[PDB]
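A lone chain, given as C-alpha cells: the form deposited in one PDB entry.
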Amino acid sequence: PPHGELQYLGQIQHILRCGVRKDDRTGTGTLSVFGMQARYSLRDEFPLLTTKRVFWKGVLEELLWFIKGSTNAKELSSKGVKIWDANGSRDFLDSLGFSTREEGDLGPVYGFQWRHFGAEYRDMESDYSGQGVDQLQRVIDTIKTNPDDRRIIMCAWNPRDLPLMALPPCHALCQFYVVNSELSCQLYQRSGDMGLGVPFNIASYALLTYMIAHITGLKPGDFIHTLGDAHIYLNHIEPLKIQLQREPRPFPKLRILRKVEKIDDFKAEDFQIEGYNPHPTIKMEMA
C-alpha cells in the first residue's frame, strides 16, 4: 500500500515534465499546471512530509491563531512564527494604500472569515463577538447533529472584503464529510507553491481535521487537496530535483494529549508529533 507522500512527489514530477512557463507578479517565473488533486489518508498516520522537514511549530501556531479569529500578524509573531510578518509590515501595508493601518493588521483574513464571515471589519483590535457567521462552530455543530449533510463548508473567499486584505486567501474553501464515524476534509486551494507552501498547507488542514474529529468524537478519514494554479518557481527547480531523489520515511502520528470539549480550548502543548524523521531542509527563496 504505497506511501502518501508519493502523491505530492508525483505532482512535482508532473509539473516539471508537463507544466508550462508562466510569468507572475515577482518576475521570477513559474512552471504551472491548472487543476490537480491528491488524497492523503489520516488513519493511524499524519501527513507531515518527510522528504523535507516541514515547519511543524508554524503549522500549529498559525492554526491556533486562525481559530482565535486573529488578524494580527504580531500576535502570531509573538509565538516564534514569522511567516505573516512581511505582509503586516509598515512598508507592505503602505504599498497597498493602507497608510492609516497599524503594523501587523492584515485585514479581514482567515481568522476573521472563519469566525465572523460577513461582519463589518474595522481593525484587528476590535470586538467582533456575535457578529457575522461563525463558520467553524457551525461546521462542528452540523457534524454532531447531521453528519450526512453535504453543506459542511467553511469559506475564506469573500469578494466584498478582498480589497481590505493584505493578501487574498489561497485557501478559498474547505468542505467536510462524514461516513462510518470517519471525518474527511477537502480543501480548494486556488494557488499552490509546490516547493514552500504546499507541504505546510497539507499539514495545516490535516491538523484541522484531527482537531474537529476529536471535538466531535470521530476518527480522522481522508484529507483531499485540490489545487487551482499549481506551480513551481524557477529558482526552486534545482532544490526540488534534489528532494525528488529522497525515499520518504513513514509518516508520523499525531497524539492529542488530553480530552478537549470546545475547539477554542486547544493549546500548542496538547499536541505531540511522534515518530517524525524527516530528511534535512533544503533552502528555497520566497518574496
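In this text, residue numbers run from 1 along the sequence as written. Rigid core (definition): largest C-alpha set, two forms, superposition within 1.5 Å.
Omitted from view is the form deposited in another entry, to which the following refers.
Asks: After superposing the two forms on their rigid core, pick out the one entry in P169, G195, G132, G111 with a CA shift of 2 Å or more between this form and the one not shown.
Replies: One residue passes the 2 Å cut-off, namely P169.
Asks: For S41, does the CA position differ by 2 Å or more between this form and the one not shown when the superposition is done on the rigid core?
Replies: No, its C-alpha moves less than 2 Å.
Asks: Quick check: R150 between this form and the one not shown - does its CA shift reach 2 Å or more after fitting the rigid core?
Replies: Where the cores coincide, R150 shows only a C-alpha shift between this form and the one not shown that is less than 2 Å.
Asks: Determine whether the C-alpha of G217 shifts by 2 Å or more between this form and the one not shown once the rigid core is superposed.
Replies: It does not reach a 2 Å shift.
Asks: Compare the CA separation of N158 and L63 in the other entry with the one in the displayed structure, and answer closer or farther (the difference is at least 3 Å).
Replies: Relative to the shown form, the pair is closer.
Asks: Between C170 and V33, does the Cα distance in the other entry come out closer or farther than in this form, changing by 3 Å or more?
Replies: The answer is farther, because the C-alphas of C170 and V33 separate from each other in the other entry by 3 Å or more.
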